[PDB]
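*Asks:* The following file, work03.txt, comprises compact mmCIF, C-alpha atoms and all ligand atoms:
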```
# COMPACT_ATOMS: atom_id res chain seq x y z
CA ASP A 45 -9.32 -5.17 -35.86
CA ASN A 46 -8.27 -3.62 -32.44
CA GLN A 47 -8.24 -6.08 -29.46
CA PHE A 48 -8.85 -3.23 -26.93
CA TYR A 49 -11.18 -0.27 -26.29
CA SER A 50 -10.98 2.78 -24.01
CA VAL A 51 -13.48 3.90 -21.37
CA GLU A 52 -13.51 6.82 -18.87
CA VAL A 53 -14.05 5.53 -15.31
CA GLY A 54 -14.15 8.22 -12.63
CA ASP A 55 -11.06 10.25 -13.56
CA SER A 56 -8.95 7.46 -15.20
CA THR A 57 -8.93 6.02 -18.76
CA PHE A 58 -9.25 2.21 -18.80
CA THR A 59 -8.02 0.65 -22.06
CA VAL A 60 -9.05 -2.97 -21.82
CA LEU A 61 -9.50 -6.17 -23.91
CA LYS A 62 -12.93 -6.17 -25.62
CA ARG A 63 -13.94 -9.30 -23.53
CA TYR A 64 -14.29 -6.98 -20.45
CA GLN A 65 -17.65 -5.15 -20.62
CA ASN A 66 -19.68 -2.68 -18.45
CA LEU A 67 -16.84 -1.30 -16.33
CA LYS A 68 -17.84 0.24 -12.97
CA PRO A 69 -15.76 1.98 -10.21
CA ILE A 70 -15.54 0.00 -6.96
CA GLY A 71 -14.29 3.13 -5.03
CA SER A 72 -14.54 1.50 -1.55
CA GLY A 73 -12.40 -0.37 -1.89
CA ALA A 74 -9.92 0.53 -3.55
CA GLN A 75 -8.47 3.17 -3.78
CA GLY A 76 -6.00 1.83 -6.29
CA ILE A 77 -7.43 2.16 -9.78
CA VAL A 78 -9.97 -0.74 -9.52
CA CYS A 79 -13.05 -1.55 -11.71
CA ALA A 80 -15.75 -4.23 -11.69
CA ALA A 81 -16.51 -5.70 -15.14
CA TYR A 82 -18.21 -8.55 -16.96
CA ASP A 83 -15.84 -11.04 -18.66
CA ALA A 84 -17.69 -12.36 -21.77
CA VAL A 85 -15.08 -15.16 -22.46
CA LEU A 86 -15.33 -16.71 -18.94
CA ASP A 87 -19.04 -15.67 -18.50
CA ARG A 88 -18.18 -14.28 -15.03
CA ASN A 89 -17.66 -10.98 -13.21
CA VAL A 90 -14.11 -9.77 -12.61
CA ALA A 91 -12.24 -6.92 -10.87
CA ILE A 92 -9.61 -5.02 -13.03
CA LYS A 93 -6.81 -3.02 -11.44
CA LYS A 94 -4.78 -0.55 -13.55
CA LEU A 95 -1.14 0.19 -12.61
CA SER A 96 -0.36 3.55 -14.27
CA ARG A 97 3.38 3.91 -15.27
CA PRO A 98 4.41 1.38 -12.48
CA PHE A 99 8.08 1.99 -13.32
CA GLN A 100 7.71 5.81 -12.60
CA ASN A 101 9.67 5.38 -9.28
CA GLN A 102 11.37 2.57 -7.28
CA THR A 103 8.55 2.29 -4.70
CA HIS A 104 5.91 1.68 -7.41
CA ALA A 105 8.34 -0.47 -9.50
CA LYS A 106 9.60 -2.85 -6.74
CA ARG A 107 6.01 -3.40 -5.56
CA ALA A 108 4.54 -3.91 -9.08
CA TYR A 109 7.36 -6.31 -10.11
CA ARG A 110 7.33 -8.25 -6.77
CA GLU A 111 3.52 -8.59 -6.78
CA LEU A 112 3.42 -9.60 -10.47
CA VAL A 113 6.08 -12.32 -9.86
CA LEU A 114 4.41 -13.55 -6.62
CA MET A 115 0.79 -13.52 -7.98
CA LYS A 116 2.00 -16.16 -10.49
CA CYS A 117 3.91 -18.62 -8.18
CA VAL A 118 1.48 -18.37 -5.14
CA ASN A 119 -1.56 -20.68 -5.15
CA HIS A 120 -4.12 -20.59 -2.27
CA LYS A 121 -7.93 -20.13 -1.93
CA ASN A 122 -7.33 -17.30 0.63
CA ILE A 123 -4.73 -15.44 -1.49
CA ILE A 124 -5.58 -13.27 -4.57
CA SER A 125 -5.48 -15.42 -7.73
CA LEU A 126 -4.69 -13.68 -11.04
CA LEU A 127 -7.09 -14.51 -13.95
CA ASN A 128 -5.40 -12.27 -16.57
CA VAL A 129 -2.52 -9.73 -17.04
CA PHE A 130 -2.24 -7.35 -20.03
CA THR A 131 -0.94 -4.06 -21.40
CA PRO A 132 -2.75 -2.23 -24.27
CA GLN A 133 0.69 -1.01 -25.57
CA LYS A 134 2.43 -2.93 -28.42
CA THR A 135 6.13 -2.40 -27.64
CA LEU A 136 8.57 -2.02 -24.71
CA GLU A 137 9.16 1.66 -25.76
CA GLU A 138 5.39 2.34 -25.98
CA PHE A 139 4.68 0.50 -22.67
CA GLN A 140 2.80 2.55 -20.01
CA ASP A 141 0.13 0.69 -18.03
CA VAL A 142 -0.41 -2.85 -16.64
CA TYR A 143 -3.89 -4.35 -16.06
CA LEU A 144 -4.50 -7.07 -13.51
CA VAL A 145 -7.62 -9.16 -13.60
CA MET A 146 -9.02 -11.14 -10.63
CA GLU A 147 -12.37 -12.61 -9.47
CA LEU A 148 -14.82 -9.90 -8.36
CA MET A 149 -15.43 -9.98 -4.60
CA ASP A 150 -18.29 -8.14 -2.82
CA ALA A 151 -16.56 -5.95 -0.17
CA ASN A 152 -13.32 -5.10 1.52
CA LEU A 153 -12.80 -6.17 5.20
CA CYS A 154 -13.38 -2.55 6.53
CA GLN A 155 -17.04 -2.81 5.41
CA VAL A 156 -17.38 -6.17 7.21
CA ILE A 157 -15.67 -4.61 10.37
CA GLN A 158 -18.47 -1.99 10.62
CA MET A 159 -21.02 -4.85 10.84
CA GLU A 160 -22.18 -6.58 14.00
CA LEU A 161 -20.97 -10.15 13.28
CA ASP A 162 -21.79 -13.49 14.88
CA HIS A 163 -19.06 -15.83 16.24
CA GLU A 164 -19.53 -18.13 13.19
CA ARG A 165 -18.61 -15.33 10.73
CA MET A 166 -15.93 -13.79 12.99
CA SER A 167 -14.03 -17.12 13.54
CA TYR A 168 -14.49 -18.12 9.84
CA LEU A 169 -12.96 -14.86 8.56
CA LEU A 170 -10.09 -15.20 11.11
CA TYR A 171 -9.53 -18.88 10.18
CA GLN A 172 -9.23 -17.80 6.51
CA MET A 173 -6.81 -14.95 7.32
CA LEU A 174 -4.72 -17.43 9.33
CA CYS A 175 -4.77 -20.01 6.43
CA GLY A 176 -3.65 -17.33 3.94
CA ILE A 177 -0.91 -16.07 6.30
CA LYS A 178 0.26 -19.73 6.92
CA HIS A 179 0.44 -20.34 3.14
CA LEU A 180 2.43 -17.09 2.59
CA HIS A 181 4.83 -18.02 5.45
CA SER A 182 5.39 -21.56 4.03
CA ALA A 183 6.53 -19.87 0.77
CA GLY A 184 8.98 -17.62 2.72
CA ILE A 185 6.64 -14.59 2.53
CA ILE A 186 6.24 -12.71 5.83
CA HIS A 187 3.71 -9.95 5.06
CA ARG A 188 4.33 -7.32 7.87
CA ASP A 189 1.66 -4.95 6.48
CA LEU A 190 -1.62 -6.88 6.64
CA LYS A 191 -4.63 -4.50 6.91
CA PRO A 192 -8.42 -4.68 6.23
CA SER A 193 -8.30 -2.45 3.08
CA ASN A 194 -6.17 -5.10 1.26
CA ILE A 195 -8.48 -7.97 2.41
CA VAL A 196 -11.68 -8.77 0.40
CA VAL A 197 -14.71 -10.86 1.12
CA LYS A 198 -17.59 -12.45 -0.79
CA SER A 199 -21.25 -12.69 0.52
CA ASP A 200 -20.69 -16.44 1.25
CA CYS A 201 -18.04 -15.23 3.83
CA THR A 202 -15.03 -16.37 1.69
CA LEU A 203 -11.92 -14.25 2.14
CA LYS A 204 -8.82 -13.34 0.09
CA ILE A 205 -5.62 -11.41 0.95
CA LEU A 206 -4.83 -8.99 -1.98
CA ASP A 207 -1.16 -8.10 -1.48
CA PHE A 208 2.18 -9.54 -0.34
CA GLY A 209 3.26 -6.76 2.04
CA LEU A 210 6.57 -5.00 2.73
CA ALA A 211 9.73 -5.50 0.61
CA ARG A 212 12.09 -8.22 2.04
CA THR A 213 15.85 -7.29 2.51
CA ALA A 214 14.59 -3.67 1.89
CA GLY A 215 14.11 -0.70 2.24
CA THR A 216 11.46 2.06 1.84
CA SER A 217 11.50 5.13 -0.50
CA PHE A 218 10.07 8.70 -0.99
CA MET A 219 6.57 9.35 -2.48
CA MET A 220 5.60 12.63 -4.26
CA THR A 221 1.86 11.68 -4.16
CA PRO A 222 -1.25 12.77 -2.18
CA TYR A 223 -2.02 9.41 -0.44
CA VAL A 224 -1.81 8.23 3.21
CA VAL A 225 -0.18 4.94 4.38
CA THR A 226 -2.21 2.98 7.02
CA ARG A 227 0.20 1.93 9.84
CA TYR A 228 -2.27 1.02 12.70
CA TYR A 229 -2.11 -2.82 12.09
CA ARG A 230 1.74 -2.85 12.11
CA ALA A 231 3.52 -4.89 14.77
CA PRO A 232 5.69 -3.30 17.54
CA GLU A 233 8.75 -4.87 15.80
CA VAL A 234 7.76 -3.03 12.61
CA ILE A 235 7.02 0.20 14.59
CA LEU A 236 10.37 0.05 16.49
CA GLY A 237 12.48 -1.48 13.59
CA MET A 238 13.39 -4.64 15.55
CA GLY A 239 13.71 -7.67 13.30
CA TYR A 240 10.97 -10.27 13.04
CA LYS A 241 9.61 -13.79 12.55
CA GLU A 242 6.36 -15.27 11.08
CA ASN A 243 4.17 -14.22 14.12
CA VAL A 244 4.74 -10.50 13.13
CA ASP A 245 1.42 -10.95 11.17
CA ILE A 246 -0.46 -12.32 14.25
CA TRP A 247 -0.34 -8.76 15.67
CA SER A 248 -2.13 -7.49 12.49
CA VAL A 249 -4.80 -10.24 12.90
CA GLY A 250 -5.16 -9.23 16.60
CA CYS A 251 -5.68 -5.60 15.55
CA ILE A 252 -8.32 -6.65 13.00
CA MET A 253 -10.09 -9.04 15.41
CA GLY A 254 -10.08 -6.43 18.20
CA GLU A 255 -11.53 -3.84 15.78
CA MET A 256 -14.29 -6.35 14.66
CA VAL A 257 -15.22 -6.48 18.40
CA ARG A 258 -14.56 -2.79 19.49
CA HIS A 259 -15.68 -1.13 16.14
CA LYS A 260 -12.78 1.38 16.53
CA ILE A 261 -9.10 1.29 15.37
CA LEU A 262 -7.15 -0.17 18.36
CA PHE A 263 -3.85 1.70 17.83
CA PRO A 264 -4.39 5.00 15.91
CA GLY A 265 -2.05 7.98 15.45
CA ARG A 266 -0.29 10.57 13.22
CA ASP A 267 2.84 8.36 13.14
CA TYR A 268 4.72 5.75 15.30
CA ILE A 269 5.09 8.27 18.22
CA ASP A 270 1.27 8.60 18.89
CA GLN A 271 0.71 4.94 17.73
CA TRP A 272 3.21 3.41 20.23
CA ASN A 273 1.60 5.59 22.95
CA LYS A 274 -1.78 3.96 22.07
CA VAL A 275 -0.14 0.49 22.36
CA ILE A 276 1.43 1.05 25.84
CA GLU A 277 -1.61 3.01 27.29
CA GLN A 278 -3.77 -0.09 26.61
CA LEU A 279 -1.45 -3.14 26.85
CA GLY A 280 1.04 -1.66 29.36
CA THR A 281 4.80 -1.08 29.08
CA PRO A 282 6.54 -4.35 27.94
CA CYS A 283 8.80 -6.47 30.27
CA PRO A 284 12.67 -5.95 30.49
CA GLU A 285 13.55 -9.08 28.37
CA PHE A 286 11.70 -7.55 25.38
CA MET A 287 13.36 -4.11 25.77
CA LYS A 288 16.84 -5.83 25.83
CA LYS A 289 16.20 -6.92 22.18
CA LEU A 290 15.81 -3.21 21.12
CA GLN A 291 18.59 -1.15 19.34
CA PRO A 292 20.34 1.19 21.89
CA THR A 293 18.73 4.41 20.52
CA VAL A 294 15.17 2.85 20.29
CA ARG A 295 15.57 1.24 23.79
CA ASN A 296 16.33 4.72 25.26
CA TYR A 297 13.13 6.34 23.84
CA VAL A 298 10.92 3.32 24.79
CA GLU A 299 12.21 3.17 28.41
CA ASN A 300 12.15 7.00 28.81
CA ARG A 301 8.45 7.07 27.79
CA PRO A 302 6.11 7.13 30.91
CA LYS A 303 5.34 3.63 32.30
CA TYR A 304 1.75 2.25 32.11
CA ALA A 305 0.36 -0.71 34.10
CA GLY A 306 -1.86 -1.93 31.27
CA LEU A 307 -5.62 -2.57 30.99
CA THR A 308 -6.82 -6.18 31.38
CA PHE A 309 -8.41 -7.94 28.37
CA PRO A 310 -11.93 -7.99 30.02
CA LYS A 311 -11.47 -4.20 30.48
CA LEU A 312 -10.06 -3.73 26.89
CA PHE A 313 -12.92 -5.87 25.39
CA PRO A 314 -15.86 -5.88 27.90
CA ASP A 315 -18.53 -8.68 27.99
CA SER A 316 -20.95 -6.09 26.44
CA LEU A 317 -19.15 -6.19 22.98
CA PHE A 318 -20.09 -9.92 22.62
CA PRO A 319 -23.61 -11.56 22.67
CA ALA A 320 -24.73 -12.96 26.09
CA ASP A 321 -28.09 -14.33 24.84
CA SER A 322 -26.96 -18.05 25.01
CA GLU A 323 -24.51 -20.45 26.75
CA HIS A 324 -22.92 -21.07 23.28
CA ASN A 325 -22.24 -17.33 22.93
CA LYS A 326 -21.01 -17.05 26.57
CA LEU A 327 -18.36 -19.72 25.83
CA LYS A 328 -17.54 -18.22 22.37
CA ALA A 329 -16.94 -14.73 23.99
CA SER A 330 -14.45 -16.07 26.61
CA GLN A 331 -12.62 -18.01 23.82
CA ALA A 332 -12.57 -14.94 21.51
CA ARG A 333 -11.17 -12.78 24.38
CA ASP A 334 -8.61 -15.55 25.17
CA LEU A 335 -7.28 -15.54 21.54
CA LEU A 336 -7.12 -11.66 21.45
CA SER A 337 -5.07 -11.70 24.73
CA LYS A 338 -2.55 -14.03 23.01
CA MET A 339 -2.41 -12.02 19.73
CA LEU A 340 -2.23 -8.50 21.16
CA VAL A 341 1.10 -9.16 22.93
CA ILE A 342 3.91 -6.56 22.47
CA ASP A 343 6.79 -9.09 22.95
CA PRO A 344 6.94 -11.42 19.88
CA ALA A 345 8.58 -14.16 22.05
CA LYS A 346 5.40 -14.16 24.22
CA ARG A 347 2.98 -13.70 21.21
CA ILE A 348 1.06 -16.72 19.83
CA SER A 349 2.27 -18.37 16.56
CA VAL A 350 0.07 -18.86 13.43
CA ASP A 351 -0.06 -22.69 14.01
CA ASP A 352 -1.15 -22.30 17.68
CA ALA A 353 -3.71 -19.61 16.68
CA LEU A 354 -5.17 -22.18 14.18
CA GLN A 355 -5.35 -24.88 16.91
CA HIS A 356 -7.13 -22.46 19.31
CA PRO A 357 -10.70 -23.53 20.39
CA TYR A 358 -12.15 -20.31 18.88
CA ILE A 359 -10.63 -21.08 15.39
CA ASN A 360 -10.00 -24.92 15.26
CA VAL A 361 -13.75 -25.64 14.49
CA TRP A 362 -13.20 -24.74 10.77
CA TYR A 363 -10.34 -27.30 10.28
CA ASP A 364 -11.63 -29.31 7.26
CA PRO A 365 -10.25 -32.85 6.47
CA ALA A 366 -9.41 -33.92 2.83
CA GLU A 367 -9.36 -30.18 1.81
CA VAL A 368 -5.53 -29.96 1.24
CA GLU A 369 -3.88 -29.05 -1.15
CA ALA A 370 -6.13 -27.28 -3.78
CA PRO A 371 -9.07 -28.56 -5.96
CA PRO A 372 -8.33 -26.74 -9.36
CA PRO A 373 -4.68 -27.97 -10.14
CA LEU A 380 14.52 -12.66 -6.89
CA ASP A 381 14.90 -9.60 -6.99
CA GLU A 382 15.36 -6.99 -4.22
CA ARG A 383 18.05 -4.63 -5.61
CA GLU A 384 18.39 -1.01 -6.92
CA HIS A 385 17.33 -0.46 -10.59
CA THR A 386 16.63 2.63 -12.73
CA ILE A 387 13.27 3.64 -14.38
CA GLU A 388 14.23 2.00 -17.71
CA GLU A 389 15.56 -1.19 -16.05
CA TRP A 390 12.33 -1.63 -14.04
CA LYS A 391 10.17 -0.72 -17.12
CA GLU A 392 11.82 -3.69 -18.95
CA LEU A 393 11.68 -6.14 -15.98
CA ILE A 394 7.93 -5.42 -15.52
CA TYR A 395 7.19 -5.51 -19.30
CA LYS A 396 8.81 -8.94 -19.78
CA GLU A 397 6.86 -10.17 -16.72
CA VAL A 398 3.62 -8.85 -18.35
CA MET A 399 4.63 -10.70 -21.59
CA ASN A 400 5.94 -13.86 -19.70
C1 LIG B 501 -5.45 -8.43 -9.57
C2 LIG B 501 -6.09 -7.44 -8.60
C3 LIG B 501 -7.26 -6.82 -8.97
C4 LIG B 501 -7.83 -5.91 -8.08
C5 LIG B 501 -7.27 -5.69 -6.85
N1 LIG B 501 -7.88 -4.77 -5.97
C6 LIG B 501 -9.22 -4.97 -5.51
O1 LIG B 501 -9.71 -4.13 -4.75
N2 LIG B 501 -9.96 -6.12 -5.93
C7 LIG B 501 -11.30 -6.31 -5.60
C8 LIG B 501 -12.07 -7.39 -5.88
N3 LIG B 501 -13.29 -7.12 -5.43
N4 LIG B 501 -13.31 -5.91 -4.84
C9 LIG B 501 -14.35 -5.27 -4.30
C10 LIG B 501 -14.23 -4.52 -3.13
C11 LIG B 501 -15.31 -3.80 -2.64
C12 LIG B 501 -16.55 -3.86 -3.27
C13 LIG B 501 -16.69 -4.60 -4.43
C14 LIG B 501 -17.99 -4.68 -5.15
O2 LIG B 501 -18.81 -3.79 -5.10
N5 LIG B 501 -18.23 -5.86 -5.91
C15 LIG B 501 -19.38 -6.19 -6.70
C16 LIG B 501 -19.93 -5.28 -7.64
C17 LIG B 501 -21.00 -5.68 -8.44
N6 LIG B 501 -21.48 -6.95 -8.34
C18 LIG B 501 -20.95 -7.85 -7.48
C19 LIG B 501 -21.52 -9.26 -7.40
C20 LIG B 501 -19.88 -7.48 -6.65
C21 LIG B 501 -15.58 -5.30 -4.95
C22 LIG B 501 -12.11 -5.39 -4.98
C23 LIG B 501 -6.04 -6.30 -6.48
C24 LIG B 501 -5.49 -7.19 -7.36
```
Would you kindly transcribe this structure into structure tokens?
Ligand SMILES: Cc1ccc(NC(=O)Nc2cnn(-c3cccc(C(=O)Nc4ccnc(C)c4)c3)c2)cc1
*Replies:*
Amino acid sequence: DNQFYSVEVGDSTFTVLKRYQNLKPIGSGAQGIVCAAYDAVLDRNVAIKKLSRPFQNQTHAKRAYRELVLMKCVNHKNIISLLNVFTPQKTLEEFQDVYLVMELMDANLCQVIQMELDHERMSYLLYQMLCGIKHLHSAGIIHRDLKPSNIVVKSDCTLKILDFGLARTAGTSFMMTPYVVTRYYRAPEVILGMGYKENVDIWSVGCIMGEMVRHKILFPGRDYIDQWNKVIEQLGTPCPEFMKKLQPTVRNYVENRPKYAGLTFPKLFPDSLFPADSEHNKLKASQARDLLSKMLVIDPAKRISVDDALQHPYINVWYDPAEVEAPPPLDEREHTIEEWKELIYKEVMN
């Protein structure tokens, strides 16, 4: 008879294939509509995300479509891999929700950030983030919105990036919803609408790394006004060659803001935030601070590249020979609700 069954999880109704049993809300994190479940066909635990009416607006539609298309043609151990895609609805006209199935992880990166972590775990997580970012870049994907909530880890320290970031050759839109966008890991180029290269994501890694060390969000704020103030208070006002690459209007505001000297990296990340129990840890702390000082650089021309960050003494220890490639093996334009509903549906049907 029926291939699917419905279950009430939290507030939402999950209508899933009968193979997925004992659904449980993840909550943190999430929050997207995400459940843990047992997959009886694969005899393994999975995570199931529900996209409710993803074609309801262009923000939801572009993202849903882009991430459905990319989750198929992107293959890397540090990037989310899709196990299954389905809709409980029978026709295009009846089509409402999309379900995305992936391997169940144990935590998001925010939970790991709260922990006091050794240099082994810190550099391993960062090596993985850098590998995932390098793979995305090689496929012409520059993220620009990498944050700990969309990064997941397993107990064995393995890491996966969940999303593909900001829309390329676009272009943001209005949201009539009660949810807040996290902007604290965004690069100065993203804050000040500058134009960017691959190392735009290194800033995000720097923000995450710094927060793993400091246990506080490095650059907080209501919006980009407060946020940019947090950047300059700590790192100092950038040099004239950087400010020359700003739009006239943006350049005016940036230069007319009060000038700060900038705190040094030993002052920003004191010796006390790292273990001093051994000579190994003494060396690891100076190397960790050295990498942070190269990542948390306002000028992208003076900021470290992904490839150099991977070759850094703090990270380069995880470089594994005979690991490459992998052991197991359009369209940024304006569309209407109905046009997107069809694009997404045919992508769900493949
Ligand atoms: C295709 C797709 C599916 C889901 C997401 N979003 C997502 O958050 N996925 C995901 C995977 N794992 N986790 C996660 C995060 C935090 C905690 C837990 C957790 O509690 N996991 C367990 C629960 C019970 N047993 C075990 C062994 C782990 C899982 C989230 C994006 C794309």
*Asks:* Within 6 Å of ligand LIG 501 (chain B), counting only C-alpha atoms and all ligand atoms, which protein or nucleic acid residues do you find, written as a list in words?
*Replies:*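 Listed by chain and ascending number, the contacts are residues 70, 72, 73, 74, 78, 80, 91, 92, 93, 126, 144, 145, 146, 148, 149, 150, 151, 152 and 206 of chain A.
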*Asks:* Hey, can you pull every residue with an atom no more than 10 Å from (-5.5, -11.0, 15.1), using only C-alpha atoms, and send it as a list in words?
*Replies:*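 The distance filter leaves exactly residues 170, 173, 174, 229, 245, 246, 247, 248, 249, 250, 251, 252, 253, 254, 255, 256, 335, 336, 337, 338, 339, 340, 348, 350 and 353 of chain A.
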*Asks:* Taking into account all atoms listed in the file, which residue in the set A:351, A:267, A:207, A:162 is nearest to residue 243 in chain A?
*Replies:*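 Nearest candidate to residue 243 in chain A out of A:351, A:267, A:207, A:162: A:351.
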*Asks:* Rank nothing, just name the residue among A:63, A:188, A:107, A:163 nearest to residue 327 in chain A, using only C-alpha atoms.
*Replies:*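 The answer is A:163, which sits nearest to residue 327 in chain A.
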*Asks:* With all atoms listed in the file as the atoms that count, which of A:100, A:330, A:45, A:281 lies nearest to residue 221 in chain A?
*Replies:*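 Checking each candidate against residue 221 in chain A, we get A:100 as the closest.
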*Asks:* Starting from the structure just given, write a file holding range 46-67 of chain A with C-alpha atoms, as a short mmCIF file (atom, residue, chain, number, x, y, z; two decimals), in the first residue's frame.
*Replies:*
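Output file result17.cif is given in full below:
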```cif
data_model
loop_
_atom_site.label_atom_id
_atom_site.label_comp_id
_atom_site.auth_asym_id
_atom_site.auth_seq_id
_atom_site.Cartn_x
_atom_site.Cartn_y
_atom_site.Cartn_z
CA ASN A 46 1.26 3.57 0.95
CA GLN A 47 5.08 4.09 0.72
CA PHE A 48 5.00 6.89 3.35
CA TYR A 49 3.69 7.63 6.87
CA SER A 50 3.19 10.85 8.86
CA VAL A 51 4.61 11.73 12.28
CA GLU A 52 4.38 14.89 14.46
CA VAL A 53 7.89 16.09 15.44
CA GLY A 54 7.97 19.20 17.62
CA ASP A 55 5.54 21.44 15.73
CA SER A 56 6.04 20.06 12.17
CA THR A 57 4.48 17.05 10.34
CA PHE A 58 7.11 14.74 8.81
CA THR A 59 5.72 12.53 6.04
CA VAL A 60 8.51 10.11 5.26
CA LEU A 61 9.26 6.78 3.47
CA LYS A 62 8.44 3.82 5.75
CA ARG A 63 12.21 2.84 5.78
CA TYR A 64 12.85 5.84 8.13
CA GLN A 65 11.87 4.88 11.71
CA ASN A 66 11.96 6.48 15.23
CA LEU A 67 12.19 10.14 14.21
#
```
